[PDB]
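Starting off, we have a lone chain in the form deposited in one PDB entry, written out as structure tokens.
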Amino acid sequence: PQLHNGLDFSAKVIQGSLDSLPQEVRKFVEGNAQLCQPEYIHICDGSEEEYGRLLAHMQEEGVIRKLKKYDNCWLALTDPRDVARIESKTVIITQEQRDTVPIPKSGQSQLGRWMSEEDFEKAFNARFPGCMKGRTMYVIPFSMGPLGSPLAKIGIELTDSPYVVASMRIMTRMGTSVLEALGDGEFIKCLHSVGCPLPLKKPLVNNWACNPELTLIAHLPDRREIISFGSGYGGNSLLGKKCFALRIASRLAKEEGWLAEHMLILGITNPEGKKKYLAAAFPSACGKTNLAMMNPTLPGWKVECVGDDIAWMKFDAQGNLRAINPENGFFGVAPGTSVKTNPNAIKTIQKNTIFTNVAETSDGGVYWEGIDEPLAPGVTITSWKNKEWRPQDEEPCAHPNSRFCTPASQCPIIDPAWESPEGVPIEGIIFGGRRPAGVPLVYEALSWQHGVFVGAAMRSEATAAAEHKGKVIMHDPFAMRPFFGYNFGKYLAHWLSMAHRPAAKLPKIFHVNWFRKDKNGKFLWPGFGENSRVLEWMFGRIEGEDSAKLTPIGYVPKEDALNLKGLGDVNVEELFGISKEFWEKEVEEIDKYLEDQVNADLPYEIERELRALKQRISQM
């Protein structure tokens, strides 16, 4: 009810009907409409018609450009201040800090950013009231995972950015069919605003609405709410990806007995017609997308992509670990993507794809560093800064975090079961990162508990994913450091508890390093499609082949166990060398890290593995 006309936003709905929404969806929409005060409300139906008008609208506003060279591809150029997912502005709200992060022993926690309810209410009320003035509030009903899938979860994102709507249509299942599937069911509440109410008080750069100063990405697992303000870029605004599928989801999985992980999923078929599914957790910019879409160099081997970033996993009745990709597309880094590195990505992004902050060629194409493709005579390049760009300048023409947003269905090697609601059985889990020294090409864990320790001990050199710079080696256990939804110590115990499941078929756990370098700073391993040779060894090890040698850090391939034909010039000694001096140092850093960062919440079995690894090394 009401005594005036300030609560019924029906007159501002320009597509859809507040009446057709489930009760709790309407309250969520109208309540924030009253708080944010949008000029219009647009309930997305996910149709092609809506998508086409949205793109046309953004093209008329100067928000996106049409890439004439390709089929329905578009380029967005962001404010240079809003070009990446901001980890320092990402917080998780719980009544108790210990629910979100372990209480460090000495210093500040790297496993998460906790904020109290009281502090968040002050930050929230300082940002959102009236933040959508003069703008349209889009209502995105989206499903993470195939509709009707047992591991699928439904969310509603409210946003004032048509760029977010278009991207969410690619990255999720979005439209009217989700509302019908949701019914009166529970849903994750996602609220997003670029934080630029009209009239504008700060001139917009590149027609990119954003509020860097007030940027804040908040998670409230207890209330099932994601609240993001100030940024329109990727992980900050596509709330189903990191905020939902990893942070919120990891907490739900802990409660409900499954796993939400930062893992690609790929199926691999060998020359004998046997096919296995693998999952791999690498930190950002460490090769998940290249591995998941690999073009294998070994004849008779086939790699198929289920997903390249997020895996939701759960043991089924038979004891198999089943995984689904909850996403609907790929949001991959553009630079470095070439025909020789990731030809399957090139084939995917040639249509129905949105590019952000890559360079544009004069003939309506895209360009970026590492594309490894010559341009025709006369073709000029416009940088992501919307300026004439020559290869002689030091400015890269594409931002290092530039992106393509492409539908997964267009991947030529998309797995025929990538949308199966039952998921795919995982028989192996891979951990890895950028280690320039010490860590061999591949080793296999000695047990489940050691495997969990291997994931917890993961380290990798600073890349260009968050706001980290320089050449530093940091910890990123399970490749989840930016994404833990709850106490990491409890996360370890959750992983360890899977070994207690009856009839559980635990997958083998491997650790790979594509990035070891020699004394000259040159990669010892060619990588890319050649990684199929490493997958072949894992494949045989899962079948039980006696191809492993025992070392202090785990099992490594026997001599001549790796198919190295066609290479031969590879320095195998330095590539699999295990140095006592290096690993003595490695255990100590892991020890100091786990002791400080996990402290009282470190499971004993993890501490035992650390002690056991320290002992085996000391006997070298």
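Just count from 1 along the sequence shown to find any residue number. What we label the rigid core is the largest C-alpha set whose atoms superpose within 1.5 Å from one form to the other.
A second form of this protein, the form deposited in another entry, is not displayed here; the remarks below concern that form.
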Have a look at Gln95, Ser106, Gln318, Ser88 and give me the residue whose C-alpha moves 2 Å or more between the shown form and the other one, with the fit done on the rigid core. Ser106
Taking the rigid core as the reference frame, is the Cα of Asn352 displaced by 2 Å or more between the shown form and the other one? no
So, does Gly257 move by 2 Å or more at the CA between the shown form and the other one, with the core held fixed? no
Please say whether, between the shown form and the other one, the C-alpha of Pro421 moves by 2 Å or more once the core is aligned. no
